[PDB]
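Residues per chain, in single letters:
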Amino acid sequence: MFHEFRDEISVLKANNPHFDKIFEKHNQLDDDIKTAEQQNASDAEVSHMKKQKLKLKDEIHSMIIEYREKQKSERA
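Residues numbered from 1 in each chain as written, not as in the entry; some residues may be left out. Heavy atoms only, no water.

For this deposition, the record names solution NMR as the technique by which the model was determined.

Structure below.
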């Protein structure tokens with residue numbers, strides 16, 4: 001919810017060269033969970049897809065962790 005969670009996560013993670021793979025794979029999950037949530041072909045299917053969301057999110061969120069430690073270690 002913090003500014004650095006949407007501004008640091010969307011600016012550094014949504015614009016970093018790694019976003020290509022980290023965001024494409026992550027954006028795919030959110031695309032598979034939403035496409036599955038549209039009709040909910042199967043609760044277990046829609047609930048299993050989300051499990052990959054927070055998982056594929058950890059990589060996007062984890063990037064910031066390494067970004068705040070590199071920017072503070074490299075810049076600070």
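The structure having been displayed, the exposition proceeds.
Digging into helix α2 (residues 19-37)
To keep things clear, this is the line we draw: Using a 1.4 Å probe on the protein chains alone, a residue whose accessible area is under 20% of its type maximum counts as buried, one over 50% counts as exposed, and one in between counts as partly exposed. The helix and strand labels rest on DSSP assignments: H or I over at least four residues marks a helix, E over at least two residues marks a strand, and numbering proceeds from the N terminus. Working note: the arc is built from the helix axis to C-beta atom directions. Here, two residues are considered to be in contact whenever any of their heavy atoms come within 4.5 Å of each other.
Within α2 the residues assigned to the buried category are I22, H26, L29, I33 and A36. Each buried residue of α2 lies within a common arc of 95° when the element is viewed along its axis, so the set occupies one face. At its buried positions, α2 is contacted by α3 (43-74).

Some thoughts on the packing of aromatic side chains
The test is simple: Aromatic contacts are taken between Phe, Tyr and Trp rings whose centres are within 6.5 Å, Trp giving its six-membered ring; a plane angle under 30 degrees counts as stacked, one over 60 as edge-to-face, and the others as tilted. For a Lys NZ or an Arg CZ to count as sitting over a ring, it must be within 6 Å of the ring centre and within 35 degrees of the ring normal.
Following the criterion strictly, the structure yields one aromatic pair and no others. Across from the ring centre of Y67, 4.3 Å away, lies the NZ or CZ of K70, which sits over that ring.

Here's the deal with the environment of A44
With respect to the helices and strands, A44 occurs in helix α3. In this structure the C-alpha to C-alpha distance between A44 and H3, which are 41 residues apart in sequence, comes to 34 Å.

Quick word on the side chain of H26
Residue placement: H26 occurs in helix α2. Sequence-distant contacts of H26, defined by excluding residues within four places in its chain, comprise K53, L56, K57, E59 and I60.

Some remarks on the nonpolar core
Nonpolar side chains in soluble globular proteins tend to end up buried together. Put simply, the test is: Residues grouped as a nonpolar core are buried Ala, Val, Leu, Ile, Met, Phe, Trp, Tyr and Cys residues, joined through side-chain atoms within 4.5 Å.
Counting five residues, the largest nonpolar core consists of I9, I22, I60, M63 and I64. With three residues, α3 is the largest single contributor of residues to this core.

Comments concerning the packing of α2 against α3
Going by this rule: Axes here refer to lines fitted to C-alpha atoms; in helices the fit is confined to the stretch in contact. Angles between the N-to-C directions go from 0 to 180 degrees. Orientation categories follow fixed angle ranges, with anything under 35 degrees roughly parallel, anything over 145 roughly antiparallel, 65 to 115 roughly perpendicular, and all other angles oblique. Should the near helix be turned anticlockwise from the far one by less than a right angle, the crossing is left-handed, and should it be turned clockwise, the crossing is right-handed. Here the nonpolar group is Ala, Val, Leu, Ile, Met, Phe, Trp, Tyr, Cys and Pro; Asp, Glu, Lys and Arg are the charged ones; every other residue, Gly included, is treated as polar.
One way to put it is that α2 packs onto α3 with a least axis distance of 9 Å and a crossing angle of 155°. As far as their axial angle goes, α3 and α2 are roughly antiparallel. As α2 packs across α3, the resulting crossing turns out to be left-handed. Taken together, the residues of α3 that come into contact with α2 (itself represented by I22, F23, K25, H26, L29, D30, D32, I33, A36 and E37) are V46, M49, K50, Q52, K53, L56, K57, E59, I60 and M63. Each residue belonging to the contact of α2 with α3 can be placed in one class, and the counts come to ten nonpolar, two polar and eight charged.

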